[PDB]
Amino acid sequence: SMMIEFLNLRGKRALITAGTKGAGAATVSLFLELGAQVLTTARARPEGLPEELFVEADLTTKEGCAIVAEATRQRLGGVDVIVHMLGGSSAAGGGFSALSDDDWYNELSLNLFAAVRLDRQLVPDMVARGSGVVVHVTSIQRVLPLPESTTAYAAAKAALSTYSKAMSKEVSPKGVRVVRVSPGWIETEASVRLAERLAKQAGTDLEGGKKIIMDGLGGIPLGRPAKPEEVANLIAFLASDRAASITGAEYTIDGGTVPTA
C-alpha cells in the first residue's frame, strides 16, 4: 500500500525551550523528524547539536527571555508552535518552612515566569497571523503536590496551569490553540541520580530507590516513569493539525499516578 502521512509538523516553525536534556531533547529530536523547523534553548550547547538549531540563554532572567525572543524572530521569522519545557525544582527538603525567598523566586522564575515572559513577547504575533499552538508543560504536582521539597514547585506549576487556561480563553477564539501537557515522573539521567541517592540513604538499591519515588507519589499504576520520547509523542500530537479541536485542556501523561477521575 501507499502512505499518507497521518501526523507531521511539515511547514511548522517551533520554539522548544530547554531542549537539551530529558523530554526536551526527545521533543527537539521528534519535531525535527516530523519536519518542523526548530529553535531550542539552554544555558549550554551540546557539541552534537547544530548551532543553527540553538540559542544560548538563561531563561530565568528577563535578559535571557529577550535573547530567545530575538533569535526566534530572526531565525524563524515567526513561530507556529511554542513548546514551553523549561521547569524543575532545585529547592532542598524540610517542607514549607524551609523555603526561602530565594527558593520561592527560583521556583516561580523557572516554572512560571519564563513561559509568561516569552508568551507576552511572542503570542501576540501568532494571534495577528491567526494560527498557532502554545504548549505549556506543567506537572501532575499542580494538582497532586508533594510537600517535602516541592511545595513551591507545585504552587508555581498550578499558577502556570491556570494562566494557560486563561490564555486559551483569550486567544483560542483568534485561532491560536493553548494546551497543557502534565507529566508525572519522567525517566531522565537526573532522576536515575535521584533514585540512587535515595537508595543509598535508605540502604537499598536502584530498584528500591525507584520504589521509594513511586511510593512517594502514591504509586504509579503503570509501574514505571514516562520516557522522554513518550512525552515528546504527546506534545507532537497536540502541536499537529490532527489536534485542531483541542484547546484549553490539560493532557496528563503519568502512568495513572493522579488517582482521581
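Residue numbers here begin at 1 and follow the sequence given.
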196 to 204 versus 48 to 56 - which carries the larger mean C-alpha B factor in the record: 196 to 204
Higher-B stretch (mean Cα B-factor, as the entry records it), 121 to 129 or 158 to 166: 121 to 129
Out of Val231, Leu222, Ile67, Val28, highest CA B-factor residue: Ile67
Out of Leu39, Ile212, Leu34, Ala226, highest CA B-factor residue: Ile212
Chain third (lowest, middle, highest) by recorded CA B-factor, residue given as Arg73: highest
Within-chain third of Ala190 by Cα B-factor, per the entry: highest
Cα B factor band for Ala14 (lowest, middle or highest third within the chain): middle
Chain third (lowest, middle, highest) by recorded CA B-factor, residue given as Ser90: highest
